[PDB]
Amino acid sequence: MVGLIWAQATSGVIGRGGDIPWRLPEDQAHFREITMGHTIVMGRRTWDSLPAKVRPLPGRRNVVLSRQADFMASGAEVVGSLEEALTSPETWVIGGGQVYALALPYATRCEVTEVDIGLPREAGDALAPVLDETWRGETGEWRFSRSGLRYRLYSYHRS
């Protein structure tokens, strides 16, 4: 099973300037619950976005995708191809925009947090991948984050 997990603004923006223009503690908790114990695969830019004190994310096989053959990610595996990373029973692709697009053909689950923030797309933004007709969606109720933004969870599945 390869799953994708991300939070997006209602516009589809997931990243800006190399980071994220929001932070919902509830979404962090959900992210931790879904990924804990499993493989997590991220692009090198997303690895760079993690503070050194926090990586590798604990209790998970951290894998970083890079074209640089000698890129060092202390506490992670660095691979040059996404296929190399898909050997565990449950693999979560945790971003960013480029790696979501690369991983979508392998994916059968998308855990999507929609953040009710009015954030028009801009050049350079990282975006959520486009889900075509093969994906079946299940929608959660709107919730209030203690950060003051509403959010809801979508669970997309396909065979």
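Here the rigid core means the biggest group of C-alpha atoms that line up within 1.5 Å when the two forms are laid on top of each other. From 1 onward, residues are counted along the sequence shown.
Displacement analysis by core superposition in 8 other deposited structures of this protein ranks 50-58 above the other of 50-58 and 28-36 in root-mean-square C-alpha distance from the shown form. Stretches 10-18 and 138-146 differ in mean C-alpha B factor, with the higher average recorded for 138-146. Averaged over Cα atoms, the B-factor as recorded in the entry is higher for 47-55 than for the other of 47-55 and 26-34. Out of 64, 69, 127, 115, the entry records its largest CA B-factor for 69. Per-chain ranking of the deposited C-alpha B factor places residue 41 in the lowest third. When all modelled residues of the chain are sorted by CA temperature factor, residue 93 is found within the lowest third.
In the deposited entry, the Cα temperature factor of residue 107 sits in the bottom third of values across the chain's modelled residues. Per the PDB record, residue ranking by Cα B-factor puts residue 119 in the middle third of the chain. Among the modelled residues of its chain, residue 5 has a C-alpha B-factor that falls in the lowest third according to the deposited record.
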